[PDB]
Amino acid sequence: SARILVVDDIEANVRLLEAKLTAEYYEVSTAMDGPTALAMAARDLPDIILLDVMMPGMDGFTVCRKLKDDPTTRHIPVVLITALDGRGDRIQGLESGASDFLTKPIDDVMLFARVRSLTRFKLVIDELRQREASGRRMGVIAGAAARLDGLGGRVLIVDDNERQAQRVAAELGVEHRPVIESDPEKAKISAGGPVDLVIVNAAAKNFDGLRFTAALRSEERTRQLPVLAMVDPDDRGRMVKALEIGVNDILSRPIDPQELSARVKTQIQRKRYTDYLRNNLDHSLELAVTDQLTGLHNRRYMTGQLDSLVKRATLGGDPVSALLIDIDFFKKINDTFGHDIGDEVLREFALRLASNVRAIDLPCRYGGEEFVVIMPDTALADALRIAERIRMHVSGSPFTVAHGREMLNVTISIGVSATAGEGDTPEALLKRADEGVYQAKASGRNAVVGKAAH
């Protein structure tokens, strides 16, 4: 279910861990030092890396720093597993970018809980990386592939221990924008707003922090919001639960502020990376101008042009008209002959429309079975002629279908609309058009109806 790379200078360690992980059905590979490790990671792109710190030559902190400094590997969670146990070295490991820092001998129940958690989180990151990478024979821009810090960031602190909360707030205060909130019900609201990270106390006295987290996770709006939970280091059952319901990361009471700072930064920086991906995906769709199926222009492109043309109309320029065409009984077509045949009809209809209208006109795909034609410098009466012409052309001739094998009769209903002067707006114009289609429908279909200015 995951490819895990294990790194340690002692063979006994490597194969003991290996047997545990393959017993849980993971695909394990191994390296015996830093240099090797970095080569395998760059080549094989594993899902997780488990890493010794103390090794002859290049040590685990360095290895870790390099993995995060290459864009190919920056995204892979690293878990340090080591014999060291000083606070000093704990903090050095987290500051160098590791998700967790475990001290030998490790708790297997926590290791597997943690691994199952990381893989769950990597699911969405990886899909989005796949989505982007399918722009690669296209055009990227703007983005200079440049990272994205972990500083800044608005942090909500849900806690009913005033002493503890203020300490947490004082530490984050220098580098971040912290806000305290001891009411869980209010907190639910706040957490929807402008917030990058929530810190929740699982050992709160007046509410259950874990239930509160489950709450955030269940509602679609905040399922993605990172959550860092304060827990008791002696209560293993509760730590596993925390990971299982969906907590991104954990901290031991009493709160070490240097540990706190390191993990808050880690979490804010991963959440930003995944919002870079989401926005890049959405910016590239914005740039699309045609409808994939019919190759006519899409409605986004159309409404942009309609904005400009209607504004110019309102301030005294040329009038604009709109035709809104909707195919009759289109659902009956799909329900009888199948979706494929539905698409043959749509494609043919688009080519017929395009070629019975002037080049200066803007025909477009407006919805599933709806088409709009914008006609610059055209008034209501002419538009009605043009609509009539298209109606008679569509129904005057059957449609080829089932690639060649069969004909079909198709008819359309059309609503027609023209601009009405200074007060008019493109949404008003379109609304009059579909009031026309509605009456045309009601009149018995295969009909044109022009609704007038008010």
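Just count from 1 along the sequence shown to find any residue number.
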Quick check: 141-149 versus 219-227, which has the larger average CA B-factor in the record? 219-227
Name the higher of the two by mean Cα B-factor in the PDB entry, 352-360 versus 290-298. 352-360
Quick check on the deposited entry: does the C-alpha B-factor of residue 18 sit in the lowest, middle or highest third of its chain? middle
Test of reading the entry: by CA B factor among the chain's modelled residues, which third contains residue 121? highest
Residue 131: CA temperature factor from the record, placed by chain third, in the highest
Quick tally, chain-level thirds of C-alpha B-factors: residue 435 sits in the highest
Of the three thirds of Cα B-factor ranks in this chain, residue 308 occupies the middle
